[PDB]
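So the structure is just underneath, and the comments pick up after that.
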Amino acid sequence: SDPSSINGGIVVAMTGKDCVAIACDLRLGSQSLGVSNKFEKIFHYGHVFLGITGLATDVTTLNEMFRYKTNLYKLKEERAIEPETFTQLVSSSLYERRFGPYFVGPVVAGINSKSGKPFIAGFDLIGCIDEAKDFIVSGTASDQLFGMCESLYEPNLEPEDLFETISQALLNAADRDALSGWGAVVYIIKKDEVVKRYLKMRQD
Amino acid sequence: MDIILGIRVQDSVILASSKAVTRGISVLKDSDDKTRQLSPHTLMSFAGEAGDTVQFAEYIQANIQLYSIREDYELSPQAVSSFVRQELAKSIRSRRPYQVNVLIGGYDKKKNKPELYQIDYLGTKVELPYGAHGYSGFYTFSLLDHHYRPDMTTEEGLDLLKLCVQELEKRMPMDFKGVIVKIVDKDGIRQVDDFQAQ
Amino acid sequence: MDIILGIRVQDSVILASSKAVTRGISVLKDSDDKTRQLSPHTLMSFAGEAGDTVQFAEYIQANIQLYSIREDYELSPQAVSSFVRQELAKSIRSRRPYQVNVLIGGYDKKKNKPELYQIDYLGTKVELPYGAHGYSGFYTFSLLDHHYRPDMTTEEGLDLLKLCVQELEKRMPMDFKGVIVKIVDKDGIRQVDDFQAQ
Amino acid sequence: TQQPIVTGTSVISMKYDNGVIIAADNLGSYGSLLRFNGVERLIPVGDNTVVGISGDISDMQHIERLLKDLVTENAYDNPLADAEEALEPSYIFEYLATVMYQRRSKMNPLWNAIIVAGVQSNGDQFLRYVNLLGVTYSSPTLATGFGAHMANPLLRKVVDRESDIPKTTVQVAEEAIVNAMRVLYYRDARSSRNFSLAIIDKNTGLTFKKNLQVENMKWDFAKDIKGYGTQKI
Amino acid sequence: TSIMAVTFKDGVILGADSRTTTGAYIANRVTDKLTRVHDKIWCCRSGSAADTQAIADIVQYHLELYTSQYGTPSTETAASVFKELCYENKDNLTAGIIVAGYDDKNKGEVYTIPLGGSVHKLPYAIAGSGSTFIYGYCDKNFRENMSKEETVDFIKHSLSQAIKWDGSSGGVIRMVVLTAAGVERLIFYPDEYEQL
Amino acid sequence: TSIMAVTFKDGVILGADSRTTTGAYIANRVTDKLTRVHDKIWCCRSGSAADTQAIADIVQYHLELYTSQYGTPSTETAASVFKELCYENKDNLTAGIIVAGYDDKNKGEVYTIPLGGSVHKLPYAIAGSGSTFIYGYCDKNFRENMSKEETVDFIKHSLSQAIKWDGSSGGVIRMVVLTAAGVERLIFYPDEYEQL
Amino acid sequence: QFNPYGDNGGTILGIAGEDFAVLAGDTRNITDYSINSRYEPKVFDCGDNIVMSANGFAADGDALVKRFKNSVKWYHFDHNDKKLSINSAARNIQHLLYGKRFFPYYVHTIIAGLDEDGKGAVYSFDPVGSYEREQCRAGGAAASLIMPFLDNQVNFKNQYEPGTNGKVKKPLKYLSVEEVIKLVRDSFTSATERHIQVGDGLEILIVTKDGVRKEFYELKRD
Amino acid sequence: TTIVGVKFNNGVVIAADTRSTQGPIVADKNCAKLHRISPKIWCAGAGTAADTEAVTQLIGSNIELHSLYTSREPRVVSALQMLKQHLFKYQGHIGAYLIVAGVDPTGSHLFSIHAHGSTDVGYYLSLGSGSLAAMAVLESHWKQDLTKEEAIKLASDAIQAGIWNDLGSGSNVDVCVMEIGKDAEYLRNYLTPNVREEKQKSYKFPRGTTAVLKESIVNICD
Amino acid sequence: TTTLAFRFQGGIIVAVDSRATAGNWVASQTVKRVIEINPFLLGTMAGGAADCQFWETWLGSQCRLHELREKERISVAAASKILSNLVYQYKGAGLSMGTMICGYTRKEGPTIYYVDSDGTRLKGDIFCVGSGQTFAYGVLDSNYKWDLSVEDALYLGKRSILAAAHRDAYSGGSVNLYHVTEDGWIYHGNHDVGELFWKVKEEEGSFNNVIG
């Protein structure tokens with residue numbers, strides 16, 4: 001019954017030479033019943049991306065909570081928030097609710113408009129932070145991802161090769177996870193230009 | 001649980017909702033209307049826990065109506081369902097949560113497009129071409145996966161929906177005492193009192 | 001639970017028994033015969049736990065038939081029901097008891113009188129003018145208390161029994177998928193395949 | 001099912017170039033109470049094996065009996081009963097493990113952890129665990145109770161792999177095992193201060209040391225600890 | 001574990017082991033279970049850890065705020081501030097606590113606040129999981145008013161057996177003598193009490 | 001409650017109170033918790049009532065059937081027949097049982113069969129809810145081999161405190177001396193052990 | 001309450017090649033958060049060219065195997081030292097396992113070898129007897145980390161022929177025992193990186209029409 | 001989780017591995033249990049991750065506010081009084097056990113607070129999954145007065161005993177040395193005994209393997 | 001699990017998926033959910049993986065003894081009875097298994113008997129057991145006709161399992177088909193649900209809400 005597995009889903013992020021990639025499946029279902037295949041888990045505030053897994057009603061609320069928050073930030077500092085300055089936020093945020101947590105597993109990922117360096121980060125429900133130079137995974141097929149990433153990952157891939165590696169990890173774990181699938185979408189984030197793509201996968 | 005179906009077609013939404021009401025061993029009624037119109041072009045069906053069910057429905061209805069005379073403008077399907085998911089969202093983490101699942105189907109006179117939102121008591125919202133709450137889905141979802149097309153006429157949808165009910169009857173243990181159908185579109189809401197008068 | 005009705009009239013017994021069979025969420029069948037003829041003029045309906053139900057019925061039937069060729073004489077309704085209550089009686093205090101309730105309605109060619117015995121899984125037997133097992137009684141017993149008369153024709157009984165069913169439909173939550181009726185008398189057993197073909 | 005009443009704690013052991021070691025204090029706890037001392041948990045069998053037992057004492061006392069009778073029995077109509085055909089460690093252990101399992105499989109176990117150490121007739125070292133569940137496994141080092149948590153670590157800084165036994169002097173092995181026994185007594189409310197260490201060298205044979213104790217301790221640095229943060233006196 | 005405080009000729013002496021277990025593991029084997037809340041007022045902690053620790057912290061606080069305005073406090077006083085906390089909160093506290101102090105007038109007295117905040121003043125008291133064994137000795141070998149040494153070899157033999165049969169208690173003995181002279185610290189290593 | 005048997009010069013002496021509680025009520029206040037299974041072989045019951053009682057009944061039986069064909073049995077023997085029953089049945093028995101006997105050769109020995117049928121031979125043993133208090137005395141005041149009197153004033157002072165702090169144990173002391181001389185019965189009333 | 005079961009971690013793996021078969025399994029053996037031995041085999045040759053491994057609760061494993069091997073022994077005794085056809089073997093293992101249907105062996109067992117035509121062959125088992133002829137099966141603690149990988153690699157899943165869009169699936173060719181062992185090794189190292197119950201060593205048994213071969217490779221002792 | 005701390009002549013040193021668990025799966029392969037309360041005051045956190053990193057956070061911030069206002073360097077017992085006063089208020093529902101260490105204008109200090117607010121002191125402490133491992137490497141090789149290099153060598157040789165013998169701890173060692181009259185030195189990775197060997201195959205796919213359905217360029221600003 | 005079988009002019013049509021799952025992970029997508037009792041009878045597999053496989057294979061041996069003795073083909077009814085009887089003996093012990101015994105003898109024509117561990121033994125025309133049974137029943141209920149061709153009878157069974165596969169998370173993999181005739185059963189291959197979907201969507205138009 002674990003609140004973090006009613007709805008299902010997965011998210012994964014990777015870093016490459018001057019870019020990052022963030023990907024997720026599309027399914028939202030109740031227990032075994034599949035309800036939707038257009039449920040996206042990746043949002044963005046300015047040039048900062050956040051993917052969220054877990055209890056759907058919380059995933060939605062958090063997006064709204066962060067949109068709200070980031071808009072107020074921009075207005076006050078006269079600039080969009082950065083990836084690190086943002087991670088710190090969603091961490092404190094998650095924690096202010098330490099004794100009635102939102103049941104999620106966020107994952108930030110972006111590029112710093114000043115330095116120009118790639119960034120990816122993960123957190124657990126109460127907000128513990130976690131940077132990594134290679135990859136972040138979260139979700140129901142969490143283990144299947146660690147297995148794929150700890151094989152297919154390669155430092156400094158070119159954005160065109162990163163797209164292939166990340167896709168393949170997502171694609172294959174979602175096939176060994178009974179509650180993740182029904183489509184996927186992947187993003188390739190550079191300093192400028194952001195390309196979004198939907199992939200073709202088994203619909204079972 | 002109760003029956004709650006809904007399907008969006010070419011230019012309108014259709015809502016099906018079983019008529020029976022049961023308290024334990026008996027059936028106190030076989031002509032209950034689980035619907036409740038929020039505004040001229042937004043309709044919302046519901047099903048859930050005994051008391052929670054309509055206390056909530058009316059509450060929502062009251063807020064929308066208030067907003068509508070105040071602004072003298074009509075709130076849109078999209079924004080209406082958004083408000084609902086907000087409430088239910090806060091509800092789940094309160095001394096005692098409403099256990100209510102819903103379907104909202106309105107006509108966006110601004111885009112001239114029908115829209116149907118399905119929301120469960122946890123605050124989980126999603127826009128769909130057709131939906132259902134509770135066990136209602138397992139018996140129908142496959143038939144609709146099969147025949148549904150976005151170009152369908154209101155006239156065609158009903159015929160479809162009829163099939164789903166016929167299936168619900170043949171394989172469902174509970175006797176839901178039939179359904180009541182309602183249509184939402186550019187001209188407002190009307191009741192197909194002829195799926196019952198048939 | 002399942003539906004098991006029975007009523008004795010002027011010169012015969014009538015047995016009603018819902019047709020559906022349900023395993024959890026679905027209905028695997030809507031044409032099941034809960035009956036099982038023990039001998040030319042003894043009929044026995046049943047309803048209870050999934051497996052226990054017909055393993056027992058057949059067992060009983062086998063004993064009676066054995067006795068009948070052996071003696072070449074037919075055991076009487078009274079003695080047949082006595083045997084049943086004996087078994088079920090021993091059953092309740094055994095590693096695992098059959099959870100089966102029954103109705104036995106035969107024609108005593110010796111007294112030229114119809115007799116109906118109602119027995120529950122505990123070994124509780126009683127001779128009645130009409131009976132029912134499980135929840136089936138609350139919806140009917142009053143109607144029969146009202147109209148039943150011992151002088152009734154077979155023809156009148158059916159009309160009565162029809163009413164009870166119509167009531168079972170209107171107020172019972174479960175959809176039992178109709179009933180199958182059967183008549184026992186001086187000429188044996190026959191099936192009123194016209195309460196179904198109606 | 002059941003519950004153990006009287007109980008012996010750890011039993012640490014290790015291998016070296018010519019043989020194996022195995023120690024275990026002599027206390028037999030009765031819960032928080034330490035109602036016993038003249039308790040021997042090192043049961044040698046024959047002239048080439050020793051079995052260190054842990055856990056319920058009533059069940060240990062039971063095995064011992066079984067072992068004795070296994071001996072008094074191998075002789076029955078066997079003239080080489082002290083030479084060519086005489087109980088090996090591997091025979092004893094195989095037999096023991098059998099029983100242990102057979103038992104859990106009847107839901108009536110013997111609450112014990114066991115070590116069978118010795119040297120085969122052809123000279124090889126033998127060290128194998130076996131607890132009340134039947135689970136068994138070999139290794140350079142072995143220990144019951146805390147041994148698995150506090151002994152092991154140290155007895156590994158010595159023989160880190162199967163490629164170090166050959167270069168481990170019977171003397172270095174012991175000097176460690178005893179410092180380990182110092183540690184065990186340092187942090188384990190269910191342990192005794194004096195013990196019994198037994199060696200099984202392929203050349204020298206079986207050496208059964210008895211009643212010793214742990215010397216060379218450090219409690220001086222206690223005088224310096226005062227209070228818990230604020231107290232200055 | 002094992003704690004106690006004994007009254008004698010000059011005033012009183014309170015001592016107790018160093019062992020503090022968490023399961024059958026020894027978290028610390030050299031603990032200072034003798035907290036001082038004031039110059040001539042000390043106490044030996046028993047029961048839970050974290051709780052007793054914080055009580056003292058508070059009890060101290062008050063006294064330190066007392067003298068500051070009502071002059072140096074008695075000993076009967078301190079044992080009151082102690083129960084007040086141990087009573088009102090008997091629901092979320094597990095404290096053994098023994099209080100002892102030397103007052104110029106009244107000589108030196110001993111009060112024992114057990115589970116429940118039930119206060120008692122006795123010649124001497126003994127609490128801690130290990131006290132269950134030294135009920136023979138302690139009682140049968142106790143003469144009223146001893147000497148500064150005639151007694152230190154009591155605390156020593158009591159605390160001797162306490163360690164000898166109660167696993168949850170051991171380490172090194174620790175004494176604190178509250179006298180007209182003042183505070184004195186003692187410590188009698190293992191190879192010693194076992195020797196006896 | 002409080003039972004024990006001590007070995008000395010001639011042979012051994014086993015004694016124990018009379019109190020047997022059922023809740024906080026005293027069902028009997030003059031119980032003979034010293035069962036004899038044979039001439040020079042006796043034992044003092046502890047733990048459950050009905051169980052221990054029936055064990056003895058049986059243990060006796062065997063021995064009586066032993067001598068009858070294998071001559072008078074040792075003492076180590078009796079303590080075996082005792083554990084055999086206490087082991088095989090550790091599931092439905094609650095027995096404390098202490099066994100003591102005097103054999104011409106081996107002098108007099110003492111074995112203690114505790115919960116679990118774990119057998120042990122010691123200089124002397126002490127079992128019963130009240131033993132928890134006389135672990136101080138008993139150990140610190142024990143010299144190897146005493147006299148017939150030099151010891152009777154031990155059992156007397158042990159059993160003294162046992163009663164003094166353990167409610168579940170009291171009544172009148174009861175001793176039985178197994179010697180070359182034979183069996184002797186003693187009984188030392190309340191106004192006496194309290195006196196000390 | 002006495003609980004008769006325990007989990008000793010471990011992971012095993014069995015791939016069936018075109019004309020050979022492998023079955024690998026790390027050597028670490030654990031209990032809760034501790035180590036019991038960095039080298040304790042869980043993969044044995046049982047005779048007649050059949051490798052077997054039972055992973056889960058250490059003891060039930062040893063028992064089954066011993067029980068199986070003593071069974072091969074008697075199959076010979078009663079049918080003239082006839083060879084045990086690996087299929088005939090799995091059927092037999094079923095009965096052994098189902099023998100204890102109501103006090104089950106708490107283990108996932110796997111055999112592997114050659115059929116009666118010389119082709120490789122693997123067999124995965126339920127802990128109560130349900131068996132199926134698998135061609136590649138990871139079972140154990142980290143099976144959920146190696147199956148997604150082999151899926152992709154050994155069976156080329158989710159891979160398509162470039163420049164044909166989602167229209168042509170990349171064709172499967174069959175791996176030389178050499179390549180398979182490189183696959184097998186990478187899988188186990190990854191697993192050790194992310195799973196605390198996997199590490200120390202990896203022992204591999206290769207079945208071919210000459211007998212059984214064994215190879216070892218050290219893993220990290222995390 | 002496997003941390004220790006030991007003081008010498010002119011200061012104190014603490015070390016901690018870098019491996020966060022989460023069931024048997026590894027989450028962070030290079031974490032950081034060492035936090036800064038104030039320049040010369042550091043903590044080592046075992047147990048519930050978020051809790052320790054969030055509590056040190058707090059206390060730190062407040063002490064910074066404290067010194068500023070009082071115009072004096074942060075004492076170490078303050079940081080202690082703060083932590084255990086807070087830890088207690090929450091009857092242990094904020095599972096953060098840790099080792100606080102530092103140096104103030106009154107000497108060098110070392111403490112260990114448990115979850116419920118209990119605190120103890122000594123010259124060397126161990127907290128975590130492998131506390132019994134690194135506490136056999138401390139109750140053996142310990143002596144009063146130890147060179148800076150000795151203290152450092154011991155602390156890092158304790159952690160190591162945790163890495164290898166415990167499953168709930170591994171990867172690298174992290175160290176921080178606080179010396180009197182001197183600044184503090186943070187040694188992120190004073191050791192790196194574990195380094196995955198190189199793979200056996202390159203797993204990069206040829207461009208166009210994955211099948212796409214739609215593509216497009218999303219916007220950001222306004 | 002989604003298994004089904006039904007009667008019609010051509011005889012019987014059996015269809016199953018192949019997914020087996022442990023908790024939320026797909027331990028296998030290659031399960032033979034059809035037990036080939038013998039050349040003339042097939043049993044399906046729901047409930048317990050082993051209980052189904054074991055006893056049904058046992059049942060096959062039984063039919064063989066019976067046929068050697070009577071020198072005649074055993075009847076579907078007698079076979080189904082034997083099974084349920086053995087099952088009933090263990091009622092309580094914890095077995096688990098929903099199943100379809102399918103045969104077509106000379107005298108009784110084409111017969112399907114549903115049988116489960118409760119001791120239930122039902123005769124029928126259409127049966128669906130599983131976690132996807134509800135979805136399979138949909139496509140099936142609306143399209144079944146006694147006069148289905150053979151070609152279409154197989155396609156119906158296939159599309160049915162597919163429907164489940166898609167919606168029920170615990171169902172999927174590859175569909176396996178069999179057709180049972182008065183001379184025995186014929187295997188009709190193993191079709192991967194992955195590929196079949198895209199095919200149907202494209203050639204049937206159905207599955208609109210799926211972008212691809």
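Going through the structure tokens in order, the chains are called A, B, and so on, while each chain numbers its residues from 1 and the ligands are numbered from 1 in the order shown.
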Contacts of residue 159 (chain E) within 8 Å, only C-alpha atoms, excl. fewer than 2 positions in-chain, as a list in words: residues 2, 3, 16, 17, 155, 156, 157, 161, 162, 163 and 173 of chain E
Can those selected residues be exported to a file as a compact mmCIF listing (two decimals), in the first residue's frame so that it contains N, CA, C and O atoms?
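Output below, filename again02.txt:
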# COMPACT_ATOMS: atom_id res chain seq x y z
N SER E 2 24.27 0.55 39.31
CA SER E 2 24.73 0.47 40.70
C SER E 2 25.13 1.83 41.22
O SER E 2 26.16 2.37 40.83
N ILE E 3 24.29 2.40 42.09
CA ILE E 3 24.58 3.69 42.69
C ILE E 3 24.07 3.67 44.11
O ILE E 3 23.19 2.87 44.45
N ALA E 16 29.32 5.15 42.56
CA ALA E 16 28.63 4.34 41.56
C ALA E 16 29.54 3.98 40.39
O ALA E 16 30.39 4.78 40.01
N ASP E 17 29.34 2.80 39.80
CA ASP E 17 30.15 2.34 38.67
C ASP E 17 30.32 3.32 37.51
O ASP E 17 30.14 4.54 37.66
N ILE E 155 31.23 1.00 50.68
CA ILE E 155 30.83 1.36 49.35
C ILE E 155 31.64 0.46 48.44
O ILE E 155 31.12 -0.09 47.47
N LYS E 156 32.91 0.27 48.78
CA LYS E 156 33.78 -0.58 47.96
C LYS E 156 33.36 -2.04 47.88
O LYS E 156 33.46 -2.64 46.82
N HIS E 157 32.90 -2.62 48.98
CA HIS E 157 32.49 -4.03 48.95
C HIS E 157 31.07 -4.24 48.45
O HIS E 157 30.71 -5.35 48.03
N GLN E 161 30.21 -6.63 44.67
CA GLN E 161 29.27 -7.66 44.22
C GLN E 161 28.34 -7.17 43.11
O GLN E 161 28.05 -7.90 42.17
N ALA E 162 27.87 -5.93 43.25
CA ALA E 162 26.99 -5.32 42.27
C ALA E 162 27.53 -5.62 40.88
O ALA E 162 26.80 -6.09 40.01
N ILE E 163 28.82 -5.35 40.69
CA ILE E 163 29.50 -5.61 39.43
C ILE E 163 29.61 -7.12 39.17
O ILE E 163 29.40 -7.59 38.05
N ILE E 173 34.93 1.90 39.85
CA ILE E 173 34.16 2.56 40.91
C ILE E 173 34.45 4.08 40.89
O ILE E 173 35.45 4.52 40.31
Can you tell me, as a ChimeraX atom specification, what residues are no more than 12 Å from residue 168 (chain B) when counting only C-alpha atoms, ignoring any on the same chain fewer than 2 positions away? /B:2-5,18,135-141,143,161-166,170-179 /C:25-27,175 /I:134-135,137-138,141-142
Where in chain B does DSSP assign helix (DSSP H, G or I), given as a PyMOL selection string? chain B and resi 52-71+77-91+136-147+154-171
Find the residues of chain I that sit at most 9 Å from chain B; for each, write down the nearest two atoms and how far apart they are in Å, to one decimal. Count only C-alpha atoms. Sort by chain, then by number going up, and give it as a tab-separated table.
residue	atom	partner	partner_atom	distance
I:132	CA	B:138	CA	8.2
I:133	CA	B:138	CA	8.8
I:134	CA	B:138	CA	5.5
I:135	CA	B:142	CA	5.7
I:136	CA	B:142	CA	7.8
I:137	CA	B:139	CA	7.6
I:138	CA	B:143	CA	6.0
I:139	CA	B:143	CA	6.2
I:141	CA	B:167	CA	7.5
I:142	CA	B:167	CA	8.0
I:160	CA	B:142	CA	8.9
I:163	CA	B:142	CA	5.9
I:164	CA	B:142	CA	7.7
I:167	CA	B:142	CA	8.0
I:168	CA	B:138	CA	8.9
I:204	CA	B:146	CA	8.7
I:205	CA	B:146	CA	8.2
I:206	CA	B:146	CA	4.7
I:207	CA	B:145	CA	5.2
I:208	CA	B:149	CA	6.6
I:209	CA	B:129	CA	7.6
All residues 7 Å or closer to residue 194 (chain G), only C-alpha atoms, same chain fewer than 2 positions away omitted, as a ChimeraX atom specification: /A:146 /G:190-192,196 /H:25-26
Residues of chain G within 8 Å of chain I, using only C-alpha atoms, as a list in words? residues 98, 102, 126, 128, 129, 130, 131, 132, 134 and 144 of chain G
Could you turn the residues from that selection into a file that holds C-alpha atoms, as a compact mmCIF listing (two decimals), in the first residue's frame?
# COMPACT_ATOMS: atom_id res chain seq x y z
CA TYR G 98 6.52 -29.73 -4.18
CA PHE G 102 3.26 -26.98 3.05
CA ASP G 126 9.50 -21.54 -7.91
CA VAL G 128 7.56 -24.64 -4.43
CA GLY G 129 8.18 -26.38 -7.73
CA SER G 130 6.92 -24.20 -10.51
CA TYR G 131 9.54 -24.52 -13.27
CA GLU G 132 9.92 -23.11 -16.75
CA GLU G 134 14.27 -20.08 -19.34
CA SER G 144 16.08 -6.75 -10.33
Using DSSP on the backbone coordinates, identify the residues of region 1-199 of chain A assigned to strand (DSSP E or B); present them as a ChimeraX atom specification. /A:10-16,19-25,28-30,33-36,42-45,48-51,54,104,107-111,118-123,129-131,135-139,177,184-189,194-199
Can you list, as number ranges by chain, every protein, DNA or RNA residue that comes within 8 Å of residue 97 (chain E) when you count only C-alpha atoms, leaving out same-chain residues fewer than 2 positions away? E: 43-47, 52, 95, 99, 112-114, 127
May I have the selected residues written with N, CA, C and O atoms, as a CSV table (one decimal), in the first residue's frame?
chain,number,residue,atom,x,y,z
E,43,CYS,N,24.3,14.3,43.2
E,43,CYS,CA,23.3,13.2,43.1
E,43,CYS,C,23.8,12.2,42.1
E,43,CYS,O,24.7,12.5,41.3
E,44,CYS,N,23.4,11.0,42.3
E,44,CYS,CA,23.8,9.9,41.4
E,44,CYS,C,22.6,9.4,40.5
E,44,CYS,O,21.6,8.9,41.0
E,45,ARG,N,22.8,9.6,39.2
E,45,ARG,CA,21.8,9.2,38.2
E,45,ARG,C,21.6,7.7,38.0
E,45,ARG,O,22.6,7.0,38.1
E,46,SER,N,20.3,7.3,37.8
E,46,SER,CA,20.0,5.9,37.6
E,46,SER,C,18.8,6.0,36.6
E,46,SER,O,18.4,7.1,36.2
E,47,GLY,N,18.4,4.8,36.1
E,47,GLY,CA,17.3,4.8,35.1
E,47,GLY,C,17.7,5.2,33.7
E,47,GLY,O,18.8,4.9,33.2
E,52,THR,N,17.2,11.7,33.0
E,52,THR,CA,18.0,12.1,34.2
E,52,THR,C,18.9,13.2,33.9
E,52,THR,O,19.0,14.2,34.6
E,95,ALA,N,13.5,7.7,35.9
E,95,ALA,CA,14.6,8.1,36.7
E,95,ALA,C,14.7,7.3,38.0
E,95,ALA,O,13.7,7.1,38.7
E,99,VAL,N,19.6,11.5,45.8
E,99,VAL,CA,20.2,12.8,46.2
E,99,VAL,C,20.9,12.8,47.5
E,99,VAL,O,20.3,12.2,48.5
E,112,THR,N,16.2,9.6,48.6
E,112,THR,CA,16.1,8.8,47.4
E,112,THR,C,14.7,8.9,46.6
E,112,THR,O,13.7,8.5,47.1
E,113,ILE,N,14.8,9.6,45.4
E,113,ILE,CA,13.6,9.8,44.6
E,113,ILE,C,13.5,8.7,43.6
E,113,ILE,O,14.1,8.8,42.5
E,114,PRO,N,12.6,7.7,43.9
E,114,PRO,CA,12.4,6.6,42.9
E,114,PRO,C,11.3,6.8,41.9
E,114,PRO,O,10.7,7.9,41.8
E,127,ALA,N,20.3,2.3,44.6
E,127,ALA,CA,19.5,2.1,43.4
E,127,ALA,C,20.3,1.7,42.2
E,127,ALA,O,21.5,2.0,42.2
Within 8 Å of residue 36 (chain E), counting only C-alpha atoms, which residues show up once you throw out same-chain ones fewer than 3 positions away? Write them as a PyMOL selection string, please. (chain D and resi 231) or (chain E and resi 39+41-43+60)
Would you mind exporting C-alpha atoms of the selected residues as a compact mmCIF listing (two decimals), in the first residue's frame?
# COMPACT_ATOMS: atom_id res chain seq x y z
CA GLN D 231 30.84 19.58 34.98
CA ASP E 39 28.76 22.87 45.85
CA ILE E 41 24.74 19.13 46.76
CA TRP E 42 25.37 16.18 44.42
CA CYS E 43 23.31 13.24 43.09
CA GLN E 60 20.89 22.78 38.89
Set out as a Markdown table a contact list for chain D and chain G with a cut-off of 12 Å, giving each residue of chain D that qualifies its closest atom pair and distance in Å to one decimal, counting only C-alpha atoms, ordered by chain and rising residue number.
| residue | atom | partner | partner_atom | distance |
| --- | --- | --- | --- | --- |
| D:1 | CA | G:2 | CA | 4.9 |
| D:2 | CA | G:2 | CA | 6.8 |
| D:3 | CA | G:1 | CA | 8.0 |
| D:4 | CA | G:2 | CA | 10.8 |
| D:97 | CA | G:59 | CA | 9.8 |
| D:98 | CA | G:63 | CA | 9.6 |
| D:100 | CA | G:59 | CA | 10.5 |
| D:101 | CA | G:59 | CA | 7.9 |
| D:102 | CA | G:63 | CA | 10.4 |
| D:103 | CA | G:4 | CA | 10.2 |
| D:104 | CA | G:4 | CA | 6.4 |
| D:105 | CA | G:4 | CA | 7.8 |
| D:106 | CA | G:4 | CA | 9.7 |
| D:107 | CA | G:4 | CA | 7.2 |
| D:108 | CA | G:2 | CA | 8.7 |
| D:109 | CA | G:2 | CA | 8.6 |
| D:110 | CA | G:2 | CA | 11.0 |
| D:111 | CA | G:2 | CA | 9.9 |
| D:127 | CA | G:37 | CA | 11.7 |
| D:128 | CA | G:37 | CA | 10.6 |
| D:129 | CA | G:36 | CA | 9.2 |
| D:130 | CA | G:59 | CA | 9.7 |
| D:131 | CA | G:59 | CA | 10.0 |
| D:132 | CA | G:4 | CA | 8.9 |
| D:133 | CA | G:4 | CA | 6.5 |
| D:134 | CA | G:59 | CA | 5.5 |
| D:135 | CA | G:59 | CA | 4.6 |
| D:136 | CA | G:59 | CA | 7.1 |
| D:137 | CA | G:40 | CA | 6.7 |
| D:138 | CA | G:37 | CA | 6.7 |
| D:139 | CA | G:37 | CA | 5.4 |
| D:140 | CA | G:37 | CA | 8.1 |
| D:141 | CA | G:37 | CA | 8.3 |
| D:142 | CA | G:36 | CA | 7.7 |
| D:143 | CA | G:36 | CA | 9.0 |
| D:144 | CA | G:36 | CA | 10.3 |
| D:145 | CA | G:34 | CA | 11.8 |
| D:146 | CA | G:34 | CA | 10.8 |
| D:147 | CA | G:34 | CA | 11.0 |
| D:148 | CA | G:34 | CA | 7.4 |
| D:149 | CA | G:34 | CA | 7.3 |
| D:150 | CA | G:34 | CA | 10.7 |
| D:152 | CA | G:35 | CA | 9.1 |
| D:153 | CA | G:35 | CA | 9.9 |
| D:156 | CA | G:37 | CA | 11.1 |
| D:160 | CA | G:38 | CA | 9.9 |
| D:161 | CA | G:38 | CA | 8.5 |
| D:162 | CA | G:39 | CA | 9.0 |
